[PDB]
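Take a look at the structure set out below.
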Protein chains: 2
Amino acid sequence: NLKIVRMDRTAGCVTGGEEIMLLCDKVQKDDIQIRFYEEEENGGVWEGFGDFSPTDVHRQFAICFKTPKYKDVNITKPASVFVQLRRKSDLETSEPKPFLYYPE
Amino acid sequence: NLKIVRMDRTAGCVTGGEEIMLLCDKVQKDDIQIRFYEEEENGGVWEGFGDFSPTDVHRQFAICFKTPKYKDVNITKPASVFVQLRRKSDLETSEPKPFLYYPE
């Protein structure tokens with residue numbers, strides 16, 4: 001039942017720390033994370049997490065957060081990743097949205 | 001009971017048409033407008049309205065909209081206005097938030 005309905009930004013700088021506003025279907029403020037991930041060719045999986053507190057969850061239907069730092073702040077072209085909602089308790093996830101990290 | 005909790009942008013170009021995401025306390029999608037206004041020195045009051053449809057209201061707790069065109073697209077410095085929620089039915093309003101229009 002997790003869904004990213006809309007994000008006001010779907011790209012960001014590799015240094016992270018940028019404010020994004022996200023509209024979601026209902027979530028519980030203490031049982032929700034925003035996971036950015038990238039599947040590596042070596043079977044590895046990079047992940048980073050949106051930076052926010054339960055108070056940043058707006059009436060269970062939106063979240064304000066800051067982006068995580070991407071794995072490599074020295075990329076020279078954009079890196080495409082995904083972002084999903086994930087419940088902390090049972091690790092249920094939303095369908096992913098594409099997200100582009102760009103060089104500083 | 002109307003409240004603008006957060007806006008992801010509190011400035012915009014005088015030409016209008018720019019996407020803003022707004023978090024609000026509960027509203028009814030068919031009984032809500034976003035009014036930008038400016039009190040003139042001559043007792044006049046400019047107003048413009050955010051451009052959106054009821055489907056742009058997200059589960060009664062957020063609204064995505066486009067800014068209205070400011071009264072004067074030829075200003076040479078920023079113009080400070082206010083923005084409020086207003087109920088269409090009984091014209092109840094939220095407390096206003098400052099908003100800055102800037103030259104193209």
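Letters A, B, ... mark the chains of the structure tokens in the order given; residue numbers begin at 1 per chain; ligand numbers begin at 1, in order shown.
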>> What's around range 83-98 of chain B at 10 Å? Count only C-alpha atoms, leave out sequence neighbours fewer than 2 positions away in its own chain, and write the answer as a ChimeraX atom specification.
In response: /B:1-7,10-11,24-25,27-38,47-50,80-81,100
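Within 12 Å of chain A, chain B contributes the residues residues 4, 5, 6, 7, 8, 9, 18, 19, 20, 21, 22, 23, 24, 25, 26, 56, 57, 58, 59, 60, 61, 62, 63, 64 and 65 of chain B, using only C-alpha atoms.
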>> Just list as a ChimeraX atom specification whatever in chain A DSSP marks as strand (DSSP E or B).
In response: /A:4-7,11-13,19-24,33-39,45-49,51,57-58,62-66,79-86,93,97-102
Deliver the residues from the most recent selection as a file, using N, CA and C atoms, as a CSV table (one decimal), in the first residue's frame.
```csv
chain,number,residue,atom,x,y,z
A,4,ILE,N,4.6,6.6,-3.8
A,4,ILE,CA,5.1,8.0,-4.1
A,4,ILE,C,4.2,8.5,-5.1
A,5,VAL,N,3.3,9.5,-4.7
A,5,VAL,CA,2.4,10.1,-5.6
A,5,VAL,C,3.0,11.2,-6.4
A,6,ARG,N,3.9,12.1,-5.8
A,6,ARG,CA,4.6,13.1,-6.5
A,6,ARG,C,5.8,13.5,-5.7
A,7,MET,N,6.8,14.0,-6.4
A,7,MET,CA,8.0,14.6,-5.8
A,7,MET,C,8.2,15.9,-6.4
A,11,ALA,N,15.7,15.1,-9.2
A,11,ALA,CA,17.1,15.2,-9.4
A,11,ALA,C,17.7,16.0,-8.2
A,12,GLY,N,19.0,15.8,-8.1
A,12,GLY,CA,19.7,16.5,-7.0
A,12,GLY,C,21.2,16.4,-7.2
A,13,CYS,N,22.0,17.2,-6.5
A,13,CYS,CA,23.4,17.1,-6.5
A,13,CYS,C,23.9,16.0,-5.6
A,19,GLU,N,16.6,19.8,0.0
A,19,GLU,CA,15.2,19.7,0.4
A,19,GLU,C,14.3,19.2,-0.7
A,20,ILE,N,13.6,18.1,-0.5
A,20,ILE,CA,12.6,17.6,-1.4
A,20,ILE,C,11.3,17.5,-0.6
A,21,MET,N,10.2,17.8,-1.3
A,21,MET,CA,8.9,17.6,-0.8
A,21,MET,C,8.2,16.5,-1.6
A,22,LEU,N,7.7,15.5,-0.9
A,22,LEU,CA,7.1,14.3,-1.4
A,22,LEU,C,5.7,14.1,-1.0
A,23,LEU,N,4.8,13.8,-1.9
A,23,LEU,CA,3.4,13.4,-1.5
A,23,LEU,C,3.3,11.9,-1.7
A,24,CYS,N,2.7,11.3,-0.6
A,24,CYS,CA,2.6,9.8,-0.6
A,24,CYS,C,1.2,9.4,-0.2
A,33,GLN,N,10.6,5.2,5.9
A,33,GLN,CA,11.9,5.7,5.4
A,33,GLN,C,11.8,5.9,3.9
A,34,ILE,N,12.7,6.7,3.3
A,34,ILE,CA,12.8,7.0,1.9
A,34,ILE,C,14.2,6.5,1.5
A,35,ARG,N,14.3,5.4,0.8
A,35,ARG,CA,15.5,4.7,0.3
A,35,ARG,C,15.8,5.1,-1.1
A,36,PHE,N,17.0,5.6,-1.3
A,36,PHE,CA,17.6,5.8,-2.6
A,36,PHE,C,18.5,4.6,-2.8
A,37,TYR,N,18.4,4.0,-4.0
A,37,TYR,CA,19.2,2.8,-4.3
A,37,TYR,C,19.7,2.7,-5.7
A,38,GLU,N,20.8,2.0,-5.9
A,38,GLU,CA,21.3,1.7,-7.2
A,38,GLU,C,21.9,0.3,-7.3
A,39,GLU,N,21.4,-0.5,-8.2
A,39,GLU,CA,21.9,-1.8,-8.4
A,39,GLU,C,23.2,-1.7,-9.2
A,45,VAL,N,24.6,-3.4,-4.2
A,45,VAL,CA,23.5,-2.4,-4.2
A,45,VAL,C,23.8,-1.3,-3.3
A,46,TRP,N,24.1,-0.1,-3.8
A,46,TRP,CA,24.2,1.1,-3.1
A,46,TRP,C,22.9,1.6,-2.5
A,47,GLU,N,22.8,2.1,-1.3
A,47,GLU,CA,21.6,2.7,-0.7
A,47,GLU,C,22.0,3.8,0.1
A,48,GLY,N,21.1,4.8,0.1
A,48,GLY,CA,21.2,5.9,1.0
A,48,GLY,C,19.8,6.3,1.4
A,49,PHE,N,19.6,7.0,2.4
A,49,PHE,CA,18.3,7.3,3.0
A,49,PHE,C,18.1,8.7,3.1
A,51,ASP,N,16.9,12.1,4.7
A,51,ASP,CA,17.2,12.6,6.1
A,51,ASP,C,16.0,13.4,6.6
A,57,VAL,N,6.9,14.5,8.7
A,57,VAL,CA,5.9,13.8,8.0
A,57,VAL,C,4.6,14.5,8.3
A,58,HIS,N,3.9,15.0,7.2
A,58,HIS,CA,2.8,15.9,7.3
A,58,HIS,C,1.5,15.1,7.2
A,62,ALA,N,2.4,13.4,3.4
A,62,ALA,CA,3.6,14.0,2.8
A,62,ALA,C,4.8,13.9,3.6
A,63,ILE,N,6.0,14.1,3.0
A,63,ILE,CA,7.2,14.1,3.8
A,63,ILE,C,8.1,15.1,3.2
A,64,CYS,N,8.7,15.9,4.0
A,64,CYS,CA,9.8,16.8,3.7
A,64,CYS,C,11.1,16.2,4.2
A,65,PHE,N,12.1,16.1,3.3
A,65,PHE,CA,13.3,15.5,3.6
A,65,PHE,C,14.5,16.1,2.9
A,66,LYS,N,15.7,15.7,3.3
A,66,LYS,CA,16.9,16.1,2.6
A,66,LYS,C,17.5,14.8,2.0
A,79,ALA,N,24.2,10.3,-12.6
A,79,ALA,CA,24.0,8.9,-12.2
A,79,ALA,C,22.5,8.7,-11.9
A,80,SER,N,21.9,7.7,-12.6
A,80,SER,CA,20.5,7.4,-12.4
A,80,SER,C,20.3,6.4,-11.3
A,81,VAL,N,19.4,6.7,-10.3
A,81,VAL,CA,19.2,5.8,-9.2
A,81,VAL,C,17.7,5.7,-9.1
A,82,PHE,N,17.2,4.9,-8.1
A,82,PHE,CA,15.8,4.9,-7.8
A,82,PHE,C,15.6,5.4,-6.4
A,83,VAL,N,14.3,5.7,-6.1
A,83,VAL,CA,13.9,6.1,-4.8
A,83,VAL,C,12.5,5.4,-4.5
A,84,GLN,N,12.4,4.9,-3.3
A,84,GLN,CA,11.2,4.2,-2.9
A,84,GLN,C,10.9,4.6,-1.5
A,85,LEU,N,9.6,4.5,-1.1
A,85,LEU,CA,9.2,4.4,0.3
A,85,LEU,C,9.4,3.0,0.8
A,86,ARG,N,9.8,2.9,2.0
A,86,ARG,CA,10.0,1.6,2.7
A,86,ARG,C,9.5,1.7,4.1
A,93,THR,N,7.8,-2.0,0.4
A,93,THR,CA,8.2,-0.9,-0.4
A,93,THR,C,7.2,-0.4,-1.4
A,97,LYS,N,10.6,5.3,-8.1
A,97,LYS,CA,10.6,6.4,-9.0
A,97,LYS,C,12.1,6.6,-9.4
A,98,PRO,N,12.3,6.9,-10.7
A,98,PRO,CA,13.7,7.3,-11.1
A,98,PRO,C,14.1,8.7,-10.4
A,99,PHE,N,15.4,8.8,-10.2
A,99,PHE,CA,16.0,10.0,-9.6
A,99,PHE,C,17.4,10.1,-10.2
A,100,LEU,N,17.7,11.4,-10.6
A,100,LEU,CA,19.0,11.6,-11.2
A,100,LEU,C,19.9,12.4,-10.2
A,101,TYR,N,21.1,11.9,-9.9
A,101,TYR,CA,22.1,12.6,-9.2
A,101,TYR,C,23.1,13.3,-10.3
A,102,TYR,N,23.4,14.5,-10.0
A,102,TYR,CA,24.3,15.2,-10.9
A,102,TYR,C,25.6,15.7,-10.3
```
>> One decimal, in Å: what's the spacing between CA of residue 40 in chain B and CA of residue 103 in chain B?
In response: 18.9 Å
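Closest approach to residue 71 in chain B among B:15, B:41, B:55, B:104: B:15, based on only C-alpha atoms.
The space separating CA of residue 54 in chain A from CA of residue 68 in chain A comes to 16.9 Å.
For the pair CA of residue 53 in chain B and CA of residue 17 in chain B, the separation is 14.0 Å.
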